[PDB]
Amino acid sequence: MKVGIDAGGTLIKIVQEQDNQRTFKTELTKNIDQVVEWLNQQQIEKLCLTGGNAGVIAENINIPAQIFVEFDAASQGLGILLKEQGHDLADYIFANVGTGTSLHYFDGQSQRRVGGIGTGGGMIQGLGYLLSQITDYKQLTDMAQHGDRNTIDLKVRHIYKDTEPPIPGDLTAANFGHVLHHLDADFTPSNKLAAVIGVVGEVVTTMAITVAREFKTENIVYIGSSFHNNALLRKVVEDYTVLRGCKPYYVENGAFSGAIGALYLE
């Protein structure tokens, strides 16, 4: 078997390839020792690593590994997934929403990094925890899905009260900007968590559509494990991309783009 691993700041994504069939697995970066132990017990023909904690795995295993830069690895693997899933895009932005957010322009031949921002999965977990005291990712994200943001976020139309606004009134004008106007509301964990996901999705999308405009592409492909178990995040992003005149794409197994690409770069 051939193994590709993208060892990031929160998750270790593992791709196993045998007989032209891929198997996908994830482990927490906190349990990196278990991944090492498991690798030391495998019969492996090729081991390709990428991401922040590639170095740590390679240092601790008893077998040789190849390490690749995650930006190129993610690009290569995403290219493979797009074609497998019926997309023939000439060029695109891709936004890698991992522990944090890295933005890339793929021109049809190669990628260049065009942007980044700390609003990502790590903020969702960290700021979610501060507002809710929930540490378990699945519970945290589930709790957000039917939150109501209306008592928390201020829209353009709330500022332009009795005045035609110069931009769409339904737009979020200020994340959390309605809180001081609703101090009698119960700021429930669901409502608060929905607002967290909202600010993260809005910021990621705003950066992505801005670089899409800059680099003259309408296509924006969103990857990263931050979209797992978070339909609300997918909706916030997808809705606002379309409203900004761009075409959003999600790919099955997109969070494994780096792990797949690591194997192909080798």
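Start at 1 with the first residue shown and count on from there.
Point to revise | Third-or-more of other entries without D19 | key: Counting only entries that model residues on both sides, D19 is unresolved in at least a third of them.
Review point. Which wins on mean Cα temperature factor, 31-39 or 213-221?
Key: The recorded data point to 31-39.
Exercise for review: Could you settle it for me: does 73-81 or 119-127 have the higher average Cα B factor in the PDB entry?
Suggested key: That would be 73-81.
Review point. Of the options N191, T172, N96, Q109, which has the highest CA B factor as deposited?
Key: That would be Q109, according to the entry.
Check your understanding: Among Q145, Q133, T101, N150, where is the Cα temperature factor highest, going by the PDB entry?
Key -> Within the set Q145, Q133, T101, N150, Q133 shows the top C-alpha B-factor.
Practice item. Could you tell me which third, lowest, middle or highest, the C-alpha B-factor of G201 occupies within its chain? Key: Ranked within chain, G201 CA B lands in the lowest tercile.
Practice item. Taking the values exactly as deposited, rank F176 by C-alpha B-factor within its chain and report the matching third: lowest, middle or highest. Key: Lowest third.
**Study point:** B-factor third for the C-alpha atom of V237 within its chain
**Key:** It falls in the bottom third of the chain.
Point to revise | Ranked C-alpha temperature factor of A208 among modelled chain residues, by third | key: Tercile = lowest for this residue's CA B-factor.
Check your understanding: Once the chain's modelled residues are ordered by C-alpha B factor and cut into thirds, is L154 in the lowest, middle or highest one?
Key -> Its C-alpha B-factor, which the entry lists for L154, ranks in the lowest third among residues of this chain.
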